[PDB]
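Quick reminder, even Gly has a Cβ in these numbers, built from the backbone with ideal geometry, and neighbours come from all protein chains shown. Please treat every number below as a calculation from the coordinates, not as lab data.
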Amino acid sequence: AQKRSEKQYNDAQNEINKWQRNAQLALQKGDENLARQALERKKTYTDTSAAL
Amino acid sequence: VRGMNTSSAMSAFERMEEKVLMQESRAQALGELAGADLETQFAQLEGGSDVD
């Protein structure tokens, strides 16, 4: 179970990184909405990671 | 011409309705998937890639 949580925690970090790339892309694109979604997604993941 | 209930006219109205509703249902199913950020991100990435 501990390993699974660690994998999930690792996945969350990986997920954040993938989202971060989109956010960077969004800035270049200039679309505000894409950037906003990533930030919201980052926050819930961080909370989950902290809880984990 | 009349559009009154008929062997052919009655069948046509129901079939057309089914086609309209099924398409709408598919669109409704599609929009939820469309709403997610990742789906939107792929389209943006593709356009930049296509131009290149």
Taking segment A:1-32 and the residues there that are in contact with a helix residue (DSSP H, G or I) (Cβ under 9 Å, 6 or more places away or on another chain) and loosely packed, with under 11 Cβ neighbours inside 10 Å, the one that is nearest to the other protein chains (Cβ to nearest Cβ) would be A:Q28
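Residues checked against (1) in contact with a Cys (Cβ under 9 Å, 6 or more places away or on another chain); (2) among the small types (G, A, S); (3) within 14 Å of chain A (Cβ to nearest Cβ):
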position: B:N5; (1), (2), (3): no, no, no
position: B:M10; (1), (2), (3): no, no, no
position: B:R15; (1), (2), (3): no, no, no
position: B:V20; (1), (2), (3): no, no, no
position: B:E24; (1), (2), (3): no, no, no
position: B:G35; (1), (2), (3): no, yes, yes
position: B:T40; (1), (2), (3): no, no, yes
position: B:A43; (1), (2), (3): no, yes, yes
position: B:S49; (1), (2), (3): no, yes, yes
